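Enquirer: Starting off with a structure, shown below.
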Ligand SMILES: O=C1O[C@H](CO)[C@H](O)[C@H](O)[C@H]1O
Ligand SMILES: [Mg+2]
Ligand code: NA
Ligand code: NA
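Residue numbers (the authors' numbering), protein chains in the order written: chain A, 183 to 392; chain B, 393 to 603.
This is how it looks when you write it as structure tokens:
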């Protein structure tokens, strides 16, 4: 038996004064997640590019929790559909960071990707990154994953650039709102919103304000 | 450079002066044909240096100009630097080559419009409000020539002044220009009349464009 006492107001309320319906309750998903004792506890994906975007390095920092062992490995593999395009494998123990060493509980993988298919709102090219935590011999402990979009966002000479090109933001602010369910969101309404936006020449959305 | 007395009068009456080198090669094709040629650097330098040497003590002179309508050539860059080194007390401006070259401290276009772009290749005349905010641009803008007052003219003058007042970096301009360049000719009875280009048998000419 779970018991949850939800309070309408808290000191948190002072930071939640958005112009909208003030509501309350368990308004988003509840779930149970089982992880192994030796687990991936965090992972970051970065993509960086040469001057003309014809080469990329995918960089993945992976953090573990549990007991450190020489036989532990991480493999980050990158997939375009069913085709594996790049893969990297390494033991734990990052580069030296300061006078006391490095992170024995982290590793960074670096994968080369030639002529990457670039992500934008115009052509949302995605690769799949699978992060496997496993033994040197090949027994899987667990795997996590995310969608990867190869794209660079930077401000240069007063211009916001995506993949080196100045963006024109056709954006809209969007609150999470449904006339029947209040602030509970579902896939169908989300999809409906996305389709309408893009059908109406929007390319950008602001998470107003949370 | 003007008659020496002009600067003395501007000192005493109070007017700001842009003192300009006697250099205009407008007729060349392309406009910078001489000004990019090192063989013409000695001749150009003397028009710039001898001006500075003469006029540098006049407080009314607040800006040096490298000349007018001679494209932009490496000789301009050299002389820009000569003045900056010899007299740090005054900004240097020059309009040739698109009004915003490395040879000018001030964006100083001629006949750039307030809101409308004129995107000529190589030497575009941006709207002046747009020109200020072009990526990387930091300089003030003062038109070296605007509001062409030829005949029945100066329509839309207020529009420049509204913009000058609203935008800090739009710091005004120089109307083109002060006085009709007409000449006196006489009829058979000895009556004077105002003559322009072509009335003296001069050919080819450009008619009333001198006024
Ligand atoms: O400036 C604002 O005014 C809007 C009026 O609808 C709305 O309240 C936004 O949340 C707020 O940022
Ligand atoms: Mg508000
Ligand atoms: Na101003
Ligand atoms: Na004229």
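Beta carbons are placed, not taken as given, at the ideal position from N, Cα and C, and that holds for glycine.
Does ligand 3 have a heavy atom nearer than 7 Å to the CB of residue 374/A?
Expert: Not so, every heavy atom of ligand 3 lies at least 7 Å from the Cβ.
Enquirer: Cβ closer than 8 Å: which chain B residues qualify as neighbours of residue 341/A?
Expert: Ordered by position in chain B, the residues that pass the 8 Å Cβ test against residue 341/A are 527.
Enquirer: Roughly how many whole angstroms lie between the Cα atoms of residue 506/B and residue 583/B?
Expert: Using only the alpha carbons, I get a separation of about 44 Å.
Enquirer: Within this structure, are the beta carbons of residue 413/B and residue 458/B separated by less than 8 Å?
Expert: Taking 8 Å as the Cβ cut-off, residue 413/B and residue 458/B qualify as a contacting pair.
Enquirer: Do residue 602/B and ligand 4 come close, with the Cβ less than 7 Å from some heavy atom?
Expert: Yes; taking the cut-off as 7 Å, the Cβ of residue 602/B has a heavy atom of ligand 4 nearer than that.
Enquirer: Quick check: residue 484/B and residue 472/B, are their CB atoms within less than 8 Å of each other?
Expert: Contact: yes.
Enquirer: Using a Cβ-Cβ cutoff of less than 8 Å, which residues in the same chain neighbour residue 279/A once the five nearest sequence positions on both sides are dropped?
Expert: Taken in chain order, the residues that qualify are 285.
Enquirer: Find out if the Cβ-Cβ distance for the pair residue 402/B, residue 409/B is shorter than 8 Å.
Expert: A contact, by the Cβ cut-off of 8 Å.
Enquirer: Unbroken beta strand (DSSP E) runs of length 3 or more, entirely within the region 438-504 of chain B: which are they?
Expert: For the region 438-504 of chain B, whole beta strand (DSSP E) runs of length 3 or above, ordered along the chain, are 453-457.
Enquirer: Just to confirm my understanding: we take residue 433/B, look at its own chain, exclude 5 residues before and 5 after, and list those with CB closer than 7 Å. What are they?
Expert: Once the five neighbours on either side are set aside, the close Cβ partners of residue 433/B are 467, 470.
Enquirer: Please go through the same chain and pick out, in chain order, the residues whose beta-carbon is closer than 8 Å to the beta-carbon of residue 516/B, but skip the five residues on each side of it.
Expert: Taken in chain order, the residues that qualify are 490, 509, 510.
Enquirer: Just tell me which of 568/B, 529/B, 531/B, 556/B has its CA closest to the CA of residue 545/B.
Expert: For the residues 568/B, 529/B, 531/B, 556/B, the minimum Cα distance to residue 545/B belongs to 568/B.
Enquirer: Leaving out five residues before and five after residue 604/B in sequence, what residues of the same chain have Cβ atoms less than 6 Å from its Cβ?
Expert: There is no way to answer for residue 604/B, as the model of chain B reaches only from 393 to 603.
Enquirer: Looking at the structure shown, is residue 194/A part of a helix, part of a strand, or coil, going by DSSP?
Expert: Here residue 194/A sits in helix by DSSP.
Enquirer: Assign residue 247/A to one of two classes, buried (16 or more other C-beta atoms within 10 Å of its C-beta) or exposed (fewer than that).
Expert: Its Cβ having fewer than 16 others within 10 Å, residue 247/A is exposed.
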